[PDB]
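Structure assessment
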Amino acid sequence: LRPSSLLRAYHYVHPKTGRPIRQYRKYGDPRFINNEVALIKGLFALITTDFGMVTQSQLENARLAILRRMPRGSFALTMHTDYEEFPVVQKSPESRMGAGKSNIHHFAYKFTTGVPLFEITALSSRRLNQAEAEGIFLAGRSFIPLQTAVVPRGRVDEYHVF
Amino acid sequence: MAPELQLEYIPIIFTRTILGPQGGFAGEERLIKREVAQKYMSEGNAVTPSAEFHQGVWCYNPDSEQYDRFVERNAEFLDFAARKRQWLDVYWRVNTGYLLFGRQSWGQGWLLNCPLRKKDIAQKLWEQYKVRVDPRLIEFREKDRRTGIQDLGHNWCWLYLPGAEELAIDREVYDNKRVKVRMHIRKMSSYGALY
Amino acid sequence: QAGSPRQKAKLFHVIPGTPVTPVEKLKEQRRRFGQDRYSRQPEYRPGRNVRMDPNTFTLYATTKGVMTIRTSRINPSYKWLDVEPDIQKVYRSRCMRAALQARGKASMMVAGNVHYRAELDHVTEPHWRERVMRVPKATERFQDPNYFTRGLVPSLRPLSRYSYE
Amino acid sequence: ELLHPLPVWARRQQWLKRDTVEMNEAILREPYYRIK
Amino acid sequence: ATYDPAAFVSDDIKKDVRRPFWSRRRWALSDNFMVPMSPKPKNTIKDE
Amino acid sequence: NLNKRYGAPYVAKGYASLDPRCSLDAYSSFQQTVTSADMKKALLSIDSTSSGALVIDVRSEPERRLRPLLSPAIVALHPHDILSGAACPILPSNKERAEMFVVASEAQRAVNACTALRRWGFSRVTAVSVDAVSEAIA
Amino acid sequence: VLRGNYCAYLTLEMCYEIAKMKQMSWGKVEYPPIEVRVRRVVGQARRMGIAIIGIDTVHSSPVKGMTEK
Amino acid sequence: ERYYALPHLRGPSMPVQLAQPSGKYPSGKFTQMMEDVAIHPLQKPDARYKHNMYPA
Amino acid sequence: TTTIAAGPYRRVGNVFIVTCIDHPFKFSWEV
Amino acid sequence: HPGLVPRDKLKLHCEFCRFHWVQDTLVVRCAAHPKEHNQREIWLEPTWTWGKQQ
RNA sequence: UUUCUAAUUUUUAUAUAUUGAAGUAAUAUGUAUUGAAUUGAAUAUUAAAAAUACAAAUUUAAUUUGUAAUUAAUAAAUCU
Ligand SMILES: [Zn+2]
């Protein structure tokens, strides 16, 4: 069938076979507008105001850039990863040289609107400003392929971020 | 009761105060889905309506983080858990819903040729979700305050749910005074499109 | 990898609500042999005067009469097919129910109303959730066999334990 | 194909359309009669 | 017990103000750090 | 680019010109009272040689058989002939000077029918007394 | 926050004498009144880790004279 | 058919002690006088080095 | 005259005059 | 002079870095670091036409 | 598309500036502390101490000097 016996929601694994489930292309389509806002608990978080498909390598290159522009001892970046992953070039004639093994391996997320990505969470009484915050994320936002805006602590008040 | 035929939803007295649509709040009786409710009676957020709980129940305060707050359900609270439910039923209905359209769009700018009216959102609220409101509360975005909605694809616009202060309703909904109704304008030829 | 056959159409061969002869297949159900294994549960279980064919799970009525689907009050996914034998009993009411509601004199809280059944049961039996949710102790489910010989209980039924309402 | 924009006069004479329909359905919600 | 839509519901056609370049400081505060809209490629929204 | 061709009473219009406020004022008139003198003034409107019945009863047809009040020739309107607007062809011209009344079985329907009137541009009606107009037999 | 430990103690009785040789207007020895001058040297101390006793601690300087009351 | 509709008001429409914080960093228009601020010309503030050093 | 008119009440129906403003061949088979 | 792709990216790096209307294009011109910190908004060439650059 | 005629859908639709705000003054916990060859608001990290307002810079091997001192500048008023 289709999703069950998940591997902790990263990707679904076939019930009668440990193979990955190999879903449809437009499964889990991000082209909703997510109704549920995110209750971020970091001081600032980077939510995705639009939708798209973002790799893990695009999200890891962004962390390596956010982790440069951030004061070390004070704030510890927090990157969320519980979201579900999705496959790539999977099909057989649709792969190159019958190497379906080396094309599906990439795992990209289908982010809807308003999913938090990172967190400049605090480890002290040190504080942040939106100017002090957007300045950090302005490095990584140039890698995350979709549009994203930073949001302050607590419930994103999506009346304003949009 | 049978393993085949199970109640699709069951009655529930909430002890805690869950945010989600299936959620409730302190002490109201709600028929929430079975699978969800069954991981509440284990979780402790809910308890099946025994005759005892129908008078009082020890609800929860995040202040001391334990089931101390006794919320007695006299006929007065049962006039409070109604207006507070009837309110956040309009909330969780428009916020969960994704109201569709079919419109005509000759031209290139992907522009709906007869753009939308705040009449034409309360009309697709009452049509699809039966949510009956005043179209004087629907505030549009800044891009569509001038020309109406006017563009295909996903538009959203804010619906103002005014009367939520004597219900003591905050932190159990995303925004006390608004809600994002989420349009979508699926262009269609004269066959299925109106206006 | 392989091929596949086309999924046949397993749908109604009458109009629900309208009269019905016995030689009509009321519904040709998927004997949902998941893939030709031997265990399935049909969508529309048989009802009054309707008898299910064992092999292909197709419901054939047993007596000519008007037909209807009774969605279970507990779970609206599990339906029966009722055939009530008297065709005049419903026609001579429909012709009224649809003549009254034309003059605006019929009430919409009728049991047969589709959207009211959720509330209808609750006006009469207010705790029916608890009457089906109640779990029975294995003592009362097998009432004292001596009460059967002493004749107190008319006849012990130990397997009929599930409330199908 | 839909290449150049709908001329403005057309959009305007199509805003008269929805304001025709918005004037039909004002007729199709009148009472069936009038107590006179 | 009256709610007037008009108090809180404001539908104002606001002029999107230019980032004032004629003054130096108000050009720097106005620098809304979302000018990295350059990631607006209409990229593949359901594939990679 | 609407609101340039059409007014502001376009797109910013809550076309629900039916009942954003009147329903409230309906429950206002419900509160105060209606009594003998409040019918005795209407009695003078029956004393007025010009006979247009003042009060109207929106009650089920079996109810009125039980307590017939039709004596002063008052109007018996089904509460939908009021709501639907089928009654405007028999309704006073002076929308600002006329105050009819509305009798009803239980006072929820009365106010629920008088709000329909105030939706039809009517200004004064205190909207109920099932028992007074019988105690004021006239 | 750089070092993890309060360094050498002090007591307000001592800052009042560091504050006596530190007068901004050495023409007007007390332009800032002395008590106002101390909160300055106290803050500069705390900013160096100098936890003084009268504050920063649960108990003030214990005395063999009398009850805490 | 169910129709969902708001309850009748018993208290103030816009919440006051229930208001969610605004949601945008509340750097007021007066701490960084970015725009929308109007001041009398007699009462011009904060020119401590330009034209408040010689106040009138 | 400030009075709900009093008299034996006749009710009168309505008669719609319908015209066709859009071509029929653009629309569905039900319309 | 690196065309700062939108107008909004323009930033005055130096004290002598100011704005200028170089033929309808808002640009940044600095006497110091003359081309090192110079920025020019993206816009049509100063002398375009209606058939060549739309 | 019988023929003469009449007609309500038109290779005509509105494009972002006014203002290189650059004079107006010695100082004073203080060159904090730490890490540092050195660092004095502008190395590195560290940032909720204060009082008698000006610690996210340029500058210098360091400082001082020297730039800088949170302001009027309403395109909205459709143009037909
Ligand atoms: Zn420069």
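Header annotation of the entry names cryo-EM as the structure determination method and lists the resolution as 3.6 Å.

Helix and strand counts for chain F come out as 6 helices and 3 strands. Reading the helices (α) and strands (β) of chain F from amino to carboxyl end gives α-α-β-α-β-α-β-α-α. Taking as baseline every contact in chain F between residues at least 6 positions apart, the subset at least 24 positions apart corresponds to 70%. Taking the average place of the 16 positive charges on the side chains of chain F and the average place of its 13 negative ones, the gap between the two points comes to 10 Å.

With that settled, the discussion passes to the protein's contact with RNA strand K. Not every one of the 48 residues close to RNA strand K is listed here, only the nearest: E:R18, E:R25, G:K22, H:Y54 and J:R7. Restricting attention to atoms of RNA strand K within 4 Å of the protein, one finds that 43% of them are sugar or phosphate atoms. Among the secondary structure elements, those contributing two or more residues to the surface near RNA strand K are α1 (8-24) of chain D, α2 (24-29) of chain E, α2 (34-46) of chain G together with β2 (17-22) of chain J. Of the residues that constitute the surface near RNA strand K, the class distribution is 18 nonpolar, 8 polar and 22 charged.

This next bit is on the packing of aromatic side chains. All names here are of chain A. Evaluation of the coordinates by the stated rule reveals 23 aromatic pairs over all chains. Taken together, a centroid distance of 5.5 Å and an interplanar angle of 85° make the contact between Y83 and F111 edge-to-face. Within this pair, whereas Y83 is found in the loop between β3 (75-77) and β4 (85-86), its partner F111 is found in strand β5 (residues 108-111), the two being separated by 28 residues in sequence. Residue classification places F111 among the buried residues on the basis of a relative accessible area of 2%.

This brings us to the state of the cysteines. Counting across every chain of the model gives 1 disulfide over all chains. Here J:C14 is linked by a disulfide to J:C17, with a sulfur-sulfur distance of 2.1 Å. As the torsion about the S-S bond is roughly 90°, the J:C14-J:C17 disulfide counts as right-handed. The exposure class of J:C14 is buried, given its relative accessible area of 11%. Looking at G:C7, it has no disulfide partner, and the nearest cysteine sulfur is the one in G:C15, 15 Å off.

Before going further, it helps to spend a moment on the interface of chain H and chain E. Listed as interface residues are 7 residues of chain H and, on the opposing side, 9 residues of chain E. Summing both partners gives a buried area of about 660 Å² for chain H against chain E, and 68% of it is carried by carbon and sulfur. Three residues, H:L9, H:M14 and H:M34, lead the burial of chain H against chain E; their summed loss comes to 64% of the area buried on that side. Here chain H is connected to chain E by 0 salt bridges. The interface formed by chain H and chain E includes 2 residue pairs in polar contact.

The next subject is a nonpolar patch on the surface. A surface patch of nonpolar side chains, amounting to about 450 Å² of accessible area, comprises D:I27, D:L28, I:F16 and I:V18. By secondary structure assignment, the location of D:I27 is in the loop between α1 and β1 (34-35). By relative accessible area, which is 39% here, D:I27 ends up partly exposed.

This paragraph deals with the sheet that holds strand β3 (residues 46-47) of chain B. Sheets are built from strands paired through backbone hydrogen bonds, the pairs being either parallel or antiparallel. Residue and element names in this part refer to chain B. The sheet built from 3 strands is open, its strands ordered β2-β1-β3 with antiparallel pairing. The sheet terminates laterally at β2 (29-33) and β3, the two strands that pair on one side only. Where strand β1 (residues 9-14) and β2 come together, 5 bridges link them in antiparallel fashion. Bridge assignment links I12 to a residue of β2, and that residue is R30. Helix-sheet contacts for helix α1 (residues 34-41) involve β1, β2 and β3, and the interaxial angle to β2 is about 120°.

This part takes up unusual backbone geometry. One non-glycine residue with positive phi stands out, namely A:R22, at about 60°. Note on placement: A:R22 falls in the segment before β1 (39-48). Since its relative accessible area comes to 39%, A:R22 is described here as partly exposed. Even without being a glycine, B:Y195 presents a positive backbone phi close to 55°. Residue position: B:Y195 is located in the segment after β9 (186-187). Overall, the relative accessible area of 10% leaves B:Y195 in the buried class.

So, about the interface of chain B and chain H. The partner chain H presents 19 residues to the 25 residues of chain B that form the contact. A buried area of about 2000 Å², summed over both sides, lies between chain B and chain H, and 63% of it is on carbon and sulfur atoms. Of all residues in chain B, the largest losses of buried area upon contact with chain H belong to B:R83, B:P162 and B:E165, amounting jointly to 28% of the total for that side. For the pair chain B and chain H, the number of links is 0 salt bridges. Linking chain B with chain H are 6 residue pairs in polar contact. Ranked by the residues each element gives to the side of chain B that touches chain H, the list is headed by helix α2 (residues 77-96) of chain B, at 7 residues. Looking at the side of chain B that touches chain H, its residues break down into 10 nonpolar, 3 polar and 12 charged.

Contacts between protein chains span 16 pairs of chains, and they are most numerous for chains B and H. One finds no contact linking chain C with chain D; the least C-alpha distance across the pair is 13 Å. In this assembly chain C lies apart from chain E, the nearest approach of their C-alpha atoms being 24 Å.

Now for the pairing of strand β5 (residues 58-61) of chain C. Residues and elements named next belong to chain C. When strand β2 (residues 25-28) meets β5, the two strands line up antiparallel, connected through 3 bridges. Of the residues in β5, the one forming a bridge with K25 is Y60. Strand direction decides the pairing type here: strand β4 (residues 50-52) and β5, joined by 3 bridges, are antiparallel. Note on β5: the bridge partner recorded for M52 is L59. In sequence, β4 turns back onto β5 through a hairpin of 5 residues, with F57 there showing a positive phi of about 60°.

Summed over the entire model, instances satisfying the criterion amount to 32 salt bridges over all chains. Where C:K10 meets C:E28, a salt bridge forms, and the shortest distance between an N and an O atom there is 2.3 Å. With a gap of 18 residues between them, C:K10 in the segment before β1 (19-20) and C:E28 in strand β2 connect regions that are remote in the sequence. Residue C:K10 is classed as partly exposed on the basis of its relative accessible area of 26%. Between J:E41 and J:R7 there is a salt bridge, with its nearest N and O atoms 3.2 Å apart. With a gap of 34 residues between them, J:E41 in strand β4 (residues 39-41) and J:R7 in the loop between β1 (3-4) and β2 connect regions that are remote in the sequence. Owing to a relative accessible area of 8%, J:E41 belongs among the buried residues under this scheme. It is possible to trace a salt-bridge network through shared partners that takes in B:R103, B:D120 and D:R18.

Cut-offs and rules
- Residues numbered from 1 in each chain as written, not as in the entry; some residues may be left out.
- Chains lettered and ligands numbered in written order.
- Part of a larger assembly, values for the part shown.
- Heavy atoms only, no water.
- Helix = DSSP H or I, 4+ residues; strand = E, 2+ residues; numbered from the N terminus.
- Contact = heavy atoms within 4.5 Å.
- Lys, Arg positive; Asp, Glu negative; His and termini not counted.
- Charge placed at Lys NZ, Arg CZ, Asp CG, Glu CD.
- Near = heavy atom within 4 Å.
- Nonpolar A, V, L, I, M, F, W, Y, C, P; charged D, E, K, R; others polar.
- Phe/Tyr/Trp six-rings, centres within 6.5 Å; stacked < 30°, edge-to-face > 60°.
- Buried < 20%, exposed > 50% of the residue type's maximum accessible area, 1.4 Å probe, protein only.
- Disulfide = S-S within 2.5 Å.
- Buried area = accessible area lost by both parts, 1.4 Å probe.
- Salt bridge = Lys/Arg side-chain N within 4 Å of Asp/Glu carboxyl O.
- Polar contact = N/O pair within 3.5 Å; in protein donor to acceptor, adjacent residues only side chain to side chain.
- Patch = residues over 30% accessible without salt bridge, like charges linked within 9 Å, V, L, I, M, F, W, Y side chains within 5 Å.
- Areas by Shrake-Rupley, 256 points an atom, 1.4 Å probe, with all protein chains shown as cover.
- Pairing = 2+ DSSP bridges.
- Axes fitted to C-alpha atoms, helices over the stretch in contact; angles between N-to-C directions.

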